[PDB]
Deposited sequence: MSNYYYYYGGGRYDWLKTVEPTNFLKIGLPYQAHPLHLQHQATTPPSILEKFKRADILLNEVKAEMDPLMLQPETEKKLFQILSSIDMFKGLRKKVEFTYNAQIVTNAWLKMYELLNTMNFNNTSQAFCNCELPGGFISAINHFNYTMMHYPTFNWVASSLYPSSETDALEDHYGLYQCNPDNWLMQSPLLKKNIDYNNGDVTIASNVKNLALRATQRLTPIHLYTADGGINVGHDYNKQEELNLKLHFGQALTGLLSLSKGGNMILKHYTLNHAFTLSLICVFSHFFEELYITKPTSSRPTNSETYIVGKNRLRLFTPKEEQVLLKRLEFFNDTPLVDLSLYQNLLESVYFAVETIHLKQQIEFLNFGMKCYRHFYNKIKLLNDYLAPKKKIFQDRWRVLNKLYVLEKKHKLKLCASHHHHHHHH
């Protein structure tokens, strides 16, 4: 099992996207797509094919249990959350906490002080920024608004902190339930957010549904409201962190195209704390250069209002940017993710009946990787006076 003993830690994956000097026209017709879309389409079929390879295991509950066991066993960062939570006084240290924390430590944000964290429940992202802010930035006070589809708040971050969340309980249907697929909710959330916290230097949105062959597609309207909320609230100079997945659909591509008009730097990122076997990505915009015009605002909300995945811009005008995206898709999905799904199927085959053994083989490797993470994203102990109030 040498192939096991040689597994190496992943690297943080960061792919720069070019800003578009040119003025942004939001399309109202369909345009013939550029050739390169066939390439993204070829990536979608391939990535979907490898994923399919676990289909046979998903038919009997027995093999499906062994499948998740095997996936658990290969998760090199598993007991890191608990090490982090204890060693350093951290809170809501979900896997989301590590991702946001890793993002904070890599991206060199110019500012992380005024955070609007949307699709945030429970609140790992919020906790990560609180902790990073008070132990690394030392911002005198840290102010944040949050919102999420009202259901979960396992830790009582919504219950204890109601002057910060922007969505209502059903008992208020009378009303914004934090659902970012309703256009009127996104307008309202952005307004609320900018109504009690100015400016907004950091917007984050970690939304997703779950189900894999149409995961991106199922999530388009969600990832569009997510981003509409941000772009309607993020103040000039502010920063942005958005959860995406595959990035092969022409809408997603056109959405990234919109973004490239609004930041000094734009990147597609795959943090080591993002499972290497899933398609999760984090689009990251540093230094917002300008706000929406009043026309740009209306066109996008109406598209949210009456939604179709037709591209928002003429993709042919963004050839260079598109070549950069595919390069992230080649790096994150066609290589890394496919390399790691193959690796997990291989493990499954040689260890479906020997889980304990696989875990024994990988213990040394695990400690080294979690240790590396901690040395890469230095963590300090959070002062109890700077902790978030939790009701659970």
- Task: Note down, first to last, the deposited-sequence stretches for which the model contains no C-alpha atom.
- Result: 1 to 12, 164 to 170, 194 to 196, 234 to 236, 418 to 426
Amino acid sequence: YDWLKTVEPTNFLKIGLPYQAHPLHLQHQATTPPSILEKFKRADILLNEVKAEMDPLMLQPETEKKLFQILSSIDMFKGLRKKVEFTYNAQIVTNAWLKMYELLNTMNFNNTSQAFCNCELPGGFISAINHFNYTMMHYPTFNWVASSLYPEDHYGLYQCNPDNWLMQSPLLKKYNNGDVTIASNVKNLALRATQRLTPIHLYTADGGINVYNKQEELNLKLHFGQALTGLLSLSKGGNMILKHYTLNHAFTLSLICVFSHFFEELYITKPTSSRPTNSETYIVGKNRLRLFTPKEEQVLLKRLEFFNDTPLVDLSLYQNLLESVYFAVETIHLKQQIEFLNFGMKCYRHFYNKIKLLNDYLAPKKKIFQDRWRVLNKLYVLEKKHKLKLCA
From here on, numbers count along this sequence of modelled residues.
- For the C-alpha atoms alone, is the average B factor greater in 268 to 276 or in 178 to 186, going by the entry? 178 to 186
- Mind pulling up the entry and telling me whether 64 to 72 or 335 to 343 has the higher mean Cα temperature factor? 64 to 72
- Out of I355, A328, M54, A43, residue topping the C-alpha B-factor column of the entry: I355
- Query: From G230, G237, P122, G285, which pick has the Cα B-factor that tops the rest in the entry?
  - Reply: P122
- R372 - which third its CA temperature factor falls in, relative to the rest of the chain: middle
- Based on the entry's values, in what third of the chain does the Cα temperature factor of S324 lie: lowest, middle or highest? lowest
- Message: Per the entry's values, where does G16 land by CA temperature factor relative to the rest of its chain, in the lowest, middle or highest third?
- Response: lowest
- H131's Cα B-factor: lowest, middle or highest third of the chain? lowest
- Item | Third of chain Cα B-factors occupied by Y150 | highest
